[PDB]
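Asks: Sharing a structure, written as C-alpha cells. Questions coming.
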Amino acid sequence: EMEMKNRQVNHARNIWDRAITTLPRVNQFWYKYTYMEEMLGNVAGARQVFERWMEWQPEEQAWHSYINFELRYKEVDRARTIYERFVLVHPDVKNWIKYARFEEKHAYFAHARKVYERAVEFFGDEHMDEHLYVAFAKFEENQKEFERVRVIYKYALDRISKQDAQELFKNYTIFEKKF
Amino acid sequence: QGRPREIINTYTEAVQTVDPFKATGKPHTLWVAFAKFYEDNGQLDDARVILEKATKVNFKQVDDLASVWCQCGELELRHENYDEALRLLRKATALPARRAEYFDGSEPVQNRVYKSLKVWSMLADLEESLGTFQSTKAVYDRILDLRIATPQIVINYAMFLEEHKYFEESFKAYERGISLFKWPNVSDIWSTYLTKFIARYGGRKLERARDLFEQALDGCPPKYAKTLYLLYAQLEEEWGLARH
C-alpha cells in the first residue's frame, strides 16, 4: 500500500510479484494486485496474474471474482474457455447450476444442450442433489416444450423415495400444467 | 405513385424503407409485399435473396419471421406445381423444428403453436386440397406444437382420422384435447369425438366407451349450458340395459 500510494509503479509491481511468489496461500495480496490491475490498464499482465492465481488452486470466491471480472470486460470466448476447469475442481450443486451461464446472455442452444448432457452424465445419477432437476425444469419452461414433460415425469429414476419434494410437488405440477 | 409501372424503377424505392428502429411485423409484411413486387419483377429473380435475407433476424424470438416464411409458402402455393414448393417449404418448414422462439424480447414463452403449426400445416396435412401428407405428418404437427395446440384441434384430429381412422387417434385426440385447454373448451370437442369415435371405432354398446366417457366428463363444469346426462344417459338407455 505504501508503494502503490506513491508514484512508483515498477517497484510496486516488483513488490507485488515477490509477495505473490513468496506467499501463494495468501489472498489479500492477490486481491490487492487485482485492485491495482483494475486501477491500471487492461493489459495481458492482469490476465496472466489471474491465471497464476487460479493455477495455485484457489477457492470458489476467487473463481467467481475472476468470472465477474471476465464478464465485466466484454469477454465471451475467454469467459467460456476459462470456465471449463472451474467445474472440474469444485463439483458443487451451486457450481453445477452456474455452469450453464451462457443461456442468460445469448440463449446458447447447443451449449445449453451440451451442459444438460454433461449434467445428466455427471455424478448424481441416483439423487442429482435435488437441484439440477428444478433448474432443468426452469430452463425448459423458459424455452419451448421440447423435453419439459420428459425430464419432470419420465426421469424419476434419480429420485429419492418420494419422486418430488414436500413443498415442490404441487408447485412443479402447477408450473408444468400452466406452461 | 406509379405502383404497377412507372419507369420500372421506382418500385425499388417502394421496397426501400430502411430507418432502423424498434418494429415488429412491419418489415416482414412489407418485405413479403416487396416479394410480391419481386413476383411482378420476374418472379424467382431476387425473390430467393429477399426470403433468405429476411429469413434470419436476430435469433428466433419473433412471430414475423415464420409469418414471412409462411407467406413465402403461400406464394409457393400460387406457384402451381408442388414439387419445388414442397421441397423449399419442406426445408424451410423443417428449419423451425430445431429452434422455434423464446430468445429475447417481451414474450415470456416461445409460442410456436401458431406459427410453427401454421408452417407445418402449410407443408403437409392441410385437410382441404393439397396432398402428400405422410402417416407421420400428423405426429409431425403434434410434435410441431410440442406441448399443446388449439388452432387446429378438430381439423387435426380429423386429419389423423383421415390418415388412420383408429382408436389410437381418438385417444391421442382426447389427450391432446384435455391437455390442450382446461374445461370443456377443446374437451367438449373431445367428448363429441369421444362419442362418435366410440361408436365408429370402439364398437357400439361397448363398456369401455361408457367407462371413458363417464371418466373424463365425471365431475365437469356445466359444459355450454349443461349436459351431464343425455349423451351417457341416452347411450346407456339405448344400450339394451333397463337396469343401469
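Simple scheme: letters A, B, ... for chains in C-alpha cells order, numbers from 1 for residues in each chain, numbers from 1 for ligands in the order shown.
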Pull out every residue of chain A sitting within 9 Å of chain B, counting only C-alpha atoms, and send them as a ChimeraX atom specification.
Replies: /A:106-107,109,141-149,177,179
Asks: Env of residue A:171: 12 Å cut, atoms = only C-alpha atoms, seq-sep filter 6 positions within chain, self excluded. Answer as a PDB file with C-alpha atoms, in the first residue's frame.
Replies:
ATOM      1  CA  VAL A 134     -35.578 -27.776 -10.760  1.00  0.00           C
ATOM      2  CA  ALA A 137     -37.443 -27.629 -15.444  1.00  0.00           C
ATOM      3  CA  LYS A 138     -36.991 -23.842 -15.240  1.00  0.00           C
ATOM      4  CA  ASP A 164     -40.607 -34.958  -5.533  1.00  0.00           C
ATOM      5  CA  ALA A 165     -40.065 -32.659  -2.569  1.00  0.00           C
ATOM      6  CA  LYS A 177     -49.709 -27.540 -16.207  1.00  0.00           C
ATOM      7  CA  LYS A 178     -49.957 -23.790 -16.872  1.00  0.00           C
TER       8      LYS A 178
END
Asks: Which residues, written as an MDAnalysis selection string, have at least one atom at most 9 Å from residue B:174, with only C-alpha atoms counted and residues fewer than 2 positions away on the same chain left out?
Replies: chainID B and resid 169:172 176:179 187 189:191 193:194
Asks: Next, the residues of the selection above should be written as a compact mmCIF listing (two decimals), in the first residue's frame with C-alpha atoms.
Replies:
# COMPACT_ATOMS: atom_id res chain seq x y z
CA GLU B 169 -56.02 -41.26 -33.00
CA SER B 170 -59.15 -40.99 -30.84
CA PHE B 171 -57.23 -41.46 -27.58
CA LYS B 172 -54.49 -39.11 -28.80
CA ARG B 176 -54.48 -33.55 -26.81
CA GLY B 177 -57.91 -32.05 -26.13
CA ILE B 178 -57.66 -32.48 -22.36
CA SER B 179 -54.11 -31.11 -22.15
CA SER B 187 -62.66 -31.09 -24.08
CA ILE B 189 -64.99 -31.43 -28.86
CA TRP B 190 -63.02 -34.28 -27.29
CA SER B 191 -66.34 -35.53 -25.89
CA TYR B 193 -65.18 -37.04 -30.92
CA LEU B 194 -65.25 -39.47 -27.99
Asks: Tell me which protein, DNA and RNA residues are within 12 Å of residue A:12, counting only C-alpha atoms, leaving out same-chain ones fewer than 2 positions away, and put them as a PyMOL selection string.
Replies: chain A and resi 1-10+14-19+29+32-33+36-37
Asks: Hey, can you check how far atom CA of residue B:44 sits from atom CA of residue B:19?
Replies: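 Separation of atom CA of residue B:44 and atom CA of residue B:19: 26.8 Å.
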Asks: Identify, on the basis of only C-alpha atoms, every residue whose closest approach to residue B:87 does not exceed 12 Å; exclude the query and any residue fewer than 3 positions from it along the same chain; express the result as a list in words.
Replies: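 With the cut-off at 12 Å, the set is residues 73, 76, 81, 82, 83, 84, 90, 91, 92, 93, 94, 123, 124 and 132 of chain B.
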Asks: What separation in Å, quoted to one decimal, exists between atom CA of residue A:53 and atom CA of residue A:23?
Replies: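 So the answer is 11.2 Å.
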Asks: What is the distance between atom CA of residue B:64 and atom CA of residue B:95, in Å to one decimal?
Replies: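 Answer for the atom CA of residue B:64 to atom CA of residue B:95 separation: 15.0 Å.
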Asks: Considering only C-alpha atoms, state which residue in the set A:51, A:158, A:70, A:140 is at the smallest distance from residue A:120.
Replies: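 Result for the nearest residue to residue A:120: A:158.
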Asks: Taking the DSSP assignment computed from this structure's backbone, write out as a VMD selection string all residues of chain A that belong to helix (DSSP H, G or I).
Replies: chain A and resid 2 to 5 10 to 22 28 to 39 44 to 54 60 to 71 77 to 81 84 to 87 93 to 97 102 to 104 109 to 120 128 to 130 132 to 142 150 to 154 156 to 158 169 to 177
Asks: Could you give me, as a ChimeraX atom specification, the residues within 10 Å of residue B:75, counting only C-alpha atoms and dropping anything in the same chain fewer than 3 positions from it?
Replies: /B:32,35-36,39,69-72,78-80,85
Asks: Show which residues sit within 10 Å of residue A:128, as a VMD selection string. Count only C-alpha atoms, and ignore same-chain residues fewer than 6 positions away.
Replies: chain A and resid 93 119 to 120 122 158 to 160
Asks: Let me see the file: selected residues, N, CA, C and O atoms, as a PDB file, in the first residue's frame.
Replies:
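Wrote part39.pdb, looks like this:
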ATOM      1  N   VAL A  93     -23.206 -28.251  -5.994  1.00  0.00           N
ATOM      2  CA  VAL A  93     -24.524 -28.048  -6.585  1.00  0.00           C
ATOM      3  C   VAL A  93     -24.698 -26.603  -7.033  1.00  0.00           C
ATOM      4  O   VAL A  93     -25.411 -26.328  -8.005  1.00  0.00           O
ATOM      5  N   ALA A 119     -24.542 -32.418 -17.341  1.00  0.00           N
ATOM      6  CA  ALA A 119     -25.166 -32.505 -16.028  1.00  0.00           C
ATOM      7  C   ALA A 119     -25.889 -33.826 -15.812  1.00  0.00           C
ATOM      8  O   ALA A 119     -25.940 -34.310 -14.675  1.00  0.00           O
ATOM      9  N   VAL A 120     -26.445 -34.418 -16.868  1.00  0.00           N
ATOM     10  CA  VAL A 120     -27.047 -35.742 -16.762  1.00  0.00           C
ATOM     11  C   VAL A 120     -26.004 -36.855 -16.763  1.00  0.00           C
ATOM     12  O   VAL A 120     -26.284 -37.946 -16.242  1.00  0.00           O
ATOM     13  N   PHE A 122     -22.959 -36.474 -15.311  1.00  0.00           N
ATOM     14  CA  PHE A 122     -22.047 -36.258 -14.194  1.00  0.00           C
ATOM     15  C   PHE A 122     -22.401 -37.149 -13.009  1.00  0.00           C
ATOM     16  O   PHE A 122     -23.213 -38.071 -13.135  1.00  0.00           O
ATOM     17  N   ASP A 158     -33.832 -41.080 -10.840  1.00  0.00           N
ATOM     18  CA  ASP A 158     -32.859 -40.408  -9.987  1.00  0.00           C
ATOM     19  C   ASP A 158     -33.542 -39.688  -8.827  1.00  0.00           C
ATOM     20  O   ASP A 158     -33.010 -38.726  -8.271  1.00  0.00           O
ATOM     21  N   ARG A 159     -34.734 -40.146  -8.456  1.00  0.00           N
ATOM     22  CA  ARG A 159     -35.457 -39.559  -7.338  1.00  0.00           C
ATOM     23  C   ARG A 159     -35.131 -40.298  -6.043  1.00  0.00           C
ATOM     24  O   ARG A 159     -34.642 -41.431  -6.046  1.00  0.00           O
ATOM     25  N   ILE A 160     -35.402 -39.635  -4.917  1.00  0.00           N
ATOM     26  CA  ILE A 160     -35.115 -40.222  -3.613  1.00  0.00           C
ATOM     27  C   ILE A 160     -36.412 -40.488  -2.863  1.00  0.00           C
ATOM     28  O   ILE A 160     -36.897 -39.630  -2.116  1.00  0.00           O
TER      29      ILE A 160
END
Asks: Using only C-alpha atoms, find the one residue out of A:96, A:108, A:169, A:86 that sits nearest to residue A:63.
Replies: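 Of the candidates, the smallest distance to residue A:63 is held by A:86.
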Asks: Kindly indicate which residue among B:196, B:26, B:223, B:3 lies nearest to residue B:65, using only C-alpha atoms for the distances.
Replies: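 Of B:196, B:26, B:223, B:3, the one nearest residue B:65 is B:26, counting only C-alpha atoms.
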